[PDB]
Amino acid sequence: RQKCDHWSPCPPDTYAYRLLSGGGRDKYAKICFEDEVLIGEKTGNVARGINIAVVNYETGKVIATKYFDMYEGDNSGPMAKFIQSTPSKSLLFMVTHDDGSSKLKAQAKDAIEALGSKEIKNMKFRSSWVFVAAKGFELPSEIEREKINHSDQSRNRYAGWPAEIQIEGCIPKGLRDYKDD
């Protein structure tokens, strides 16, 4: 058994992550980091909307976990502010549960796209979405960092919702190390 129940073991000096979007209304989104559930049913901190876990890249410390309902309220503005306020050398993990698109506004999409999102622009009602971002450094090109799955009547795993999606990988811890010569 590997950290985050990974298919294969992570190489040494790497962070293990596993992101899971919600699957309809009964299967909840989950964010696993280094074998610890940051957001999920288990920690009682997952809800409808975009669920964000923020980790200090330098220390591996969880700095913030917060969800933003995109179906009720006006949480697009607060979400954009929350993202922009994250410190440099941070990892951001974003997963949808149920819906993350209904009231998703341009300012929030611009904040997520500025982090490297190629799919937030394509968000539609009830689309499942998972995303890994680095603030103040570049993630290695080979890790799976993003996935989207749109609601489609002919493919929907649940009556009214698309299938849940997952991403997993290993992030090297030494991308910003102060090296010798």
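Residue numbers here begin at 1 and follow the sequence given.
**Q** Averaging C-alpha B-factors over each stretch, which comes out higher, 31 to 39 or 49 to 57?
**A** Of 49 to 57 and 31 to 39, the stretch with the higher C-alpha B-factor average is 31 to 39.
**Q** If you average the CA temperature factors over each stretch, which comes out higher, 146 to 154 or 133 to 141?
**A** The entry gives the higher C-alpha B-factor average to 133 to 141.
**Q** When the CA B-factors of 106, 92, 95, 79 are compared as recorded in the entry, which is the largest?
**A** Answer for 106, 92, 95, 79: 106, with the highest C-alpha B-factor.
**Q** C-alpha B factor of residue 113, ranked within the chain: lowest, middle or highest third?
**A** Middle third - that is where residue 113 ends up once the chain's C-alpha B-factors are sorted.
**Q** Comparing against every modelled residue in the chain, figure out the third that the C-alpha B-factor of residue 63 lands in (lowest, middle or highest).
**A** Top third by C-alpha B-factor.
**Q** In terms of the chain's CA B-factor thirds, is residue 172 lowest, middle or highest?
**A** Answer is middle: the recorded C-alpha B-factor places it there.
**Q** Sort the modelled residues of this chain by their C-alpha B factor and say whether residue 16 lands in the lowest, middle or highest third.
**A** Its C-alpha B-factor, which the entry lists for residue 16, ranks in the middle third among residues of this chain.
**Q** Classify residue 23 as lowest, middle or highest third according to the C-alpha B-factor given in the PDB entry, relative to its own chain.
**A** It belongs to the middle third of the chain when residues are ordered by C-alpha B-factor.
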